[PDB]
Every structure is written in C-alpha cells, then in structure tokens.
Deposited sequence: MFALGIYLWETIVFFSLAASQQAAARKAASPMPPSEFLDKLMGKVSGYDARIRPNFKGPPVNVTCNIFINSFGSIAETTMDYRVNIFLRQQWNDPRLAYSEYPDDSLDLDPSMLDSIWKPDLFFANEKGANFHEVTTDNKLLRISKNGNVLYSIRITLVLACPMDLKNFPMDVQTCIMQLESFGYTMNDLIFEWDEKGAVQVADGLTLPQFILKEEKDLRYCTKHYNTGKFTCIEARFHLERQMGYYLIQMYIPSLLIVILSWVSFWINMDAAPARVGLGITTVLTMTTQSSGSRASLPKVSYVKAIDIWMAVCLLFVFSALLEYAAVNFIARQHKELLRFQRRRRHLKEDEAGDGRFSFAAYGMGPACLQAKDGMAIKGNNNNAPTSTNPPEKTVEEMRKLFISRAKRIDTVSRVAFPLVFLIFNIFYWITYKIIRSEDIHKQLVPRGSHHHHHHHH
C-alpha cells in the first residue's frame, strides 16, 4: 500500500478532525492511563539536600478511539518522535521533581506506537532529582522510604485517572546496586490523590525502601571510638606516681573523642533531634571523661597527709575496682545499645 508515515498523516490531519488539544472520549468517561517505570540508574542519595537522582523509562498506555484503523495490514505503527506534537498525550508530572530533564542525544529518546484498536504505548527517558525527606532517628540503623509520585497537572479526576499496571509496575535493571544502601524487592504502590482550590487531581506513588549498609560506619566511627575507650583503660595499670603519664593520657583521649564526635556528623543535615550515633559518641565521651576524673580522685586522696598509710591504701583500692568496673559497665552498655538497634 502506502508508507506508514503517510497513512499516519491521514489519521492526524485536518481531514477526519483529529485535534491533539482534546482528550480521548471527550465529554465522556475519564481517560485511564496505566503506567510503569523501568529504573536504569539510581543513586547520589544526598542527605544535606535530602534528594536522590534516578534515571527511568516512563511508559504510559491509554486508548484513543480516534486512532483506530483497519485499512492498514500490520498491527502496529511506530510514530516518529519528530511528529509527537500532533497527537494527544497526558500531562503527567512529578510532584517532587526538584529538577528534571529529557535525553536528546543523537535522537530525542522518545517512543510511540499505536495498535489497531487504538492503544497508544508511549515511552520516554527521564532523569529526575526527586525529593525525599529523610528520617535519621537511628542513623546507621535506619530504613529510608524515598517515594516518587506521578500526577496530572491540568486534567482533573473526572477527565484523567492514572493507574499502575498489574504486570510488574516497577522494574529495576539487572545489575543495579547501591554503594551505601540496598533496594528491597517489595515496593509499595498506592494512591496519593491531591485536593487543591482548583480541583482534585490524580496521583499514583511508588515507595522504595532503602536499608543502609552497616559495615561502613563500623570501620570509620564505631571501631576507632571503641579503641580510644580502651586507650583510657590502660591508665589504670600505669603507676600513680607517674603524674604526666596518667594525666596526659586522659587529656588526649577526651579531646580525640571530641574530634571523633564532630566528624560523625560531617555529611549530615543539621537536625535538632538526637540520633543513634550521637548517643554512641556521647556515652563513649563519658567513659573517657570519667576515666580522667578517676585519677583526679586518686591524686587528691593519696596526697592527704598513720595518716599516710591509710591514704595510699584507700587510693589503691579505687584503682583495683576501676580496672574491673569500667570494662564491665561498658560491656553492659554495648548489650543494651546493640539489642535496642536490632529490635527496632
């Protein structure tokens, strides 16, 4: 017959009255648009900005009865992306965009095909920088739910409804992993229908659950803080007469733990509430600060001058108890700490 781009010009042209400014089934039931995404890339999950960059394929399927055809023999017509301003498309957008763009290198990365019954598959490649509010109450032990929601801008609910398709509404690429997180397989899919003073608009959202990787923050924060707590415990085996030894040991431990506690929040939003690393670095600062208060008690009691034999023997007694007591209380703190942030 005739080539399919010229058959498709006769289906959009001024003859037969196709208008791309007018939705299908006009003055009728609303247009059902079913959607699924394919996640190509996922990452750069910043927390100062509380956003994340994603790279998706956005597929949209609806039915335009004006685009049905029976003269042409074959079952689909790929419309060229140069001619996409000539058919109706839904005005989908993302309610938490914070910036987005198309991909237009070597060709506009757009795709459209029309079936004989008028089904329109429309797939485009988008980069999004989506805004998700972080919750950092238990910071290395948290699960983050970063969402993405797909709305209509102009058409209200009586004109256009979005749905997810039941055949796998969110696909993820095969070798897509994350450096700081893992992405769970189960993904929540529900409705987020918005009301304004203009009207009610359709909205569908997808929730992605991100569990952090534990092993980074152990190496940088938990293990070096635990060694300085042990470093304060070797003061209890040094002689009492070595005054600049046991004093200078407690000085350097209590101010490196001040340095370690500052760098524990070096890449974080300035939230007001306390978090799980903040109650680690505060309690571990309490051990290295009370280990130096132990020697100030030993240095004061032993210089109380039989009055000299009773003073040395009493100050020797606290130095035997504190060799047992401080690794015993720090042990029963690590029980109550790690059990609390494993059951939660």
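Absence of C-alpha coordinates is noted for several segments of the deposited sequence, namely 1 to 30, 336 to 397, 437 to 458.
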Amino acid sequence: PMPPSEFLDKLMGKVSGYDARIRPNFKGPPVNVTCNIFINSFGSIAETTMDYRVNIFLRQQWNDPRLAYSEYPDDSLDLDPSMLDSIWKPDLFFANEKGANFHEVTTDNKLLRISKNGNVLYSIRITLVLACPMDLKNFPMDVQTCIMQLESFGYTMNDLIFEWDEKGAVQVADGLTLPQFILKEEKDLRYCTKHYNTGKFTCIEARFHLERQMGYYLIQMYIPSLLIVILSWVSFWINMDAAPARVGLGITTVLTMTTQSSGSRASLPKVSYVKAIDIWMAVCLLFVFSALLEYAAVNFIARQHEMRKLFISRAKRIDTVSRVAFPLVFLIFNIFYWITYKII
From here on, numbers count along this sequence of modelled residues.
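Each form is matched to the other, and the largest set of C-alpha atoms that superpose within 1.5 Å is called the rigid core.
With 104 to 112 and 254 to 262 as candidates, the stretch whose CA atoms show the greater average offset from this form in 8 other deposited structures of this protein after a core fit is 254 to 262. Where the structures in 8 other deposited structures of this protein are fitted on the rigid core, 279 to 287 is the one of 58 to 66 and 279 to 287 whose C-alphas sit farther from the shown form on average.
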